[PDB]
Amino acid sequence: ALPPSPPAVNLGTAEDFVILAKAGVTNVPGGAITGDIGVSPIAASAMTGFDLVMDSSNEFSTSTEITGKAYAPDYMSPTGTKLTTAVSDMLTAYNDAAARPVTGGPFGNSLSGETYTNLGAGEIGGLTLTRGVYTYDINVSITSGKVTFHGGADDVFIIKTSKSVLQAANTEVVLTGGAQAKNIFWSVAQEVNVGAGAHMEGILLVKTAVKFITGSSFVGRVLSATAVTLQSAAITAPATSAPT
C-alpha cells in the first residue's frame, strides 16, 4: 500500500527553462539542448561553447545546438526581469522541495527493516522507487544498472540529499507505470554529476554545480544556483516530442 503522493514542487517561471544557472553554462560541442537556457545574475559571457548569435531584438541569442533561445541579464528588456523572476522561482522551488517531510514508516514490506531515510545507504541502482519523499544525509549514488520510478501520471517522487547525486557512467533512470519526468524532483544541496553515457530524468534543484559528462542524456530541467557543465550531452525538456 502506497503513501499518498506528495504535491508536486511548483517551479513557477523556472519551468520556462531547460537550464537555468546563476553562474554560467559551459558546453563542449555537439550535444543537443531542447528548450531555452538562461543565466542570471552572471553576464552572457558565462554561456560558453554554444557559439551564440544575438537576435536582432537583442533580447536573446541562438545557437546551432539549442532548439530554443538563450537568455542573459545584459540582454534587452524584458529579458532581465524574465531571468530574475525565474531565479527567484527557482529559489522558492528549491526551498519547498527541501522542506518536504520524508515519507514515514517502512519502505517495501513492513518487515524490510528499511525506511525512506537513507534508503540503500545511498545506493539506488537496482531499486524501484514508488511515490513519496526520500531523505538522505549521504551521497545518492546510481553505481550500476537502473533506477526505476514507478507510479501513475500524477504521482510525485522527491529525492532530497544534503550531499550530492552521483550517477555513474552508462546507468539509467527509468520510468514505469505512467510516471512522468516532470514529477520527479531531486533536491540536492551539493552537486549532481551524471557520468558518461548515463541517462538522468527529472527536475534537478541543485544548490551548486551540475555536470553532464560526455555523451550523457537527460529529460528534465537543470535548475542550478551555481554553474552547469555540459560535455556533448543531450538535454531535453519534458514533453518536447509533442508539437512546439
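Residue numbers here begin at 1 and follow the sequence given.
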For the higher mean C-alpha B factor in the entry, choose 103-111 or 81-89.
103-111
Name the higher of the two by mean Cα B-factor in the PDB entry, 197-205 versus 171-179.
171-179
Comparing recorded Cα B-factors across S187, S40, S61, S57, which one is largest?
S57
Among modelled residues of the same chain, the CA temperature factor third for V28:
highest
Splitting the chain's C-alpha B-factors into thirds, which one does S162 fall into?
middle
Here the Cα B-factor of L52, set against its chain, lands in the third termed highest
Of the three thirds of its chain by CA temperature factor, lowest, middle or highest, which one includes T130?
middle
Third of chain Cα B-factors occupied by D154:
highest
